[PDB]
Each structure stands twice: as structure tokens, then as C-alpha cells.
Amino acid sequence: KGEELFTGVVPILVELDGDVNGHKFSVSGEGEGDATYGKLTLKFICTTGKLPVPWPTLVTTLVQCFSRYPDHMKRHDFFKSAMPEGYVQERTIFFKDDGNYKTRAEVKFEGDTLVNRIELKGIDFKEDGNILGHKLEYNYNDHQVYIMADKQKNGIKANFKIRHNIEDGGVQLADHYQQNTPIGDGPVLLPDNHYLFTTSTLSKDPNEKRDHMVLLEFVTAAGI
């Protein structure tokens, strides 16, 4: 079982390769997750200079396998059971009245490290819109993720809207669509529908001079 891979604290690596309106960038993240409580702690750095988009627009993109599934559901855990070969995660994120991100990631074990490796392409952005103009507040409004099995692709899908507060007033919608499929060929748990509930806290490291995001996340799964 891939589920056994998550009994203790697990090192996490994130690597993101981005391109938004031709503005190219890289982000690296490091930390650890504990699926027993469903806690993640990570620090992310824009390794290429100034991040050309707001940090909060990347949070969703930057490991639902760390969600705390209570043991009446350890049979509905697609994400952990795909491990260690892992799973592909694909999204299109539509920023209302602005551009969209398309993301492809592979989440898998490498040695003892859970690695989330992402390619992101963003197109059609307004150069002085909320995103490329950096007009979004540095905070987070989490949303549940209603996960639905998809027996046609041996995978899962979900659609949800994320709310980004705009510094000058009002809210910038980020409309998420998501599909995941296993990377291996072994059988995988297709879960019955359920929720993932998330609480994100974004902060800064006072000693960190580079552009960065400290992120602390708590995540649990629930049925009905």
C-alpha cells in the first residue's frame, strides 16, 4: 500500500516551471507533511527573481495525498493508493475577466521524498490586471474540493471556485477544473464522492530576502 508510505512525517519537494504571458519563472518549495493529522508545512522561493504573479494564485497548484482521511474512509483514498508511482494532476484555472493557467503536474515518491513537479502555462492575461499587475492581497480564502470518481479514466475530477481578495476592493474569481489519473498500471481506489477541507495560512520569513511564501496547511477528508 501507498497508504503505508504516509504513516509518519514525509519530506516534501515542490518544483514549478512557469510561463505567464511569456514571463518565465521558477518556484521551488521544501518542507514536510504529516497525513496522520493532515498537516503540511512548506517554504517556497521564486528562484528566478521577482515572481511575476501573486503568490496566492499559485497555492492550489503548489499534494492532496497529505489529507487526513479518517479511517472510515481509508478505502476512499485515491491519492495515497496511487503511491509510490504517483499520479498526474491537471488543471485549468480561469481568472474571471483575465487570463487562465493550465497546469500539469506529477506527484510521486522519489526515494523517501514526495515530489510535486509542475509545468504551468498562463495565457491571455491583462498586463495591468489583478494578476500581472500584482493587485491581490497576501492572504487566502480556502474552499472545499468536492472530489468525484471518474471510472472512465481510473481517476478523479473536481471543479471549484477560489476567491482572491483585491487590494483596491472586491474579489477576483479563480475557477478551477481538475482531473487526476494514476501514473502506474496497478489497480487504484476510485473513491466515492467526498470533500477535502483545507485551511491555509500564508506568511513571510523575516530572514528571507528572496521573493517567497511560507505556507502552513491543514487538510481533512469527509464523506456525504
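Throughout, we count residues from 1 along the sequence that is shown.
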If you count the residues of the deposited sequence that sit between residue 62 and residue 63 but have no coordinates, do you get none, 1 to 3, 4 to 9, or 10 or more? 1 to 3
As stated in the PDB record, which stretch has the larger average Cα B-factor, 68-76 or 86-94? 68-76
If you average the CA temperature factors as listed in the entry, which stretch comes out higher, 42-50 or 166-174? 166-174
From 102, 153, 134, 117, the top C-alpha temperature factor is at 153
Quick check for you: using the entry's CA B-factors within this chain, is residue 193 in the lowest, middle or highest third? highest
Using only modelled residues of the chain, where does the Cα B factor of residue 57 rank: lowest third, middle third or highest third? lowest
Hey, what third does residue 185 fall into on Cα B-factor, ranked over its chain? highest
Sorting the chain's modelled residues by C-alpha B-factor, tell me whether residue 209 ends up in the lowest, middle or highest third. highest
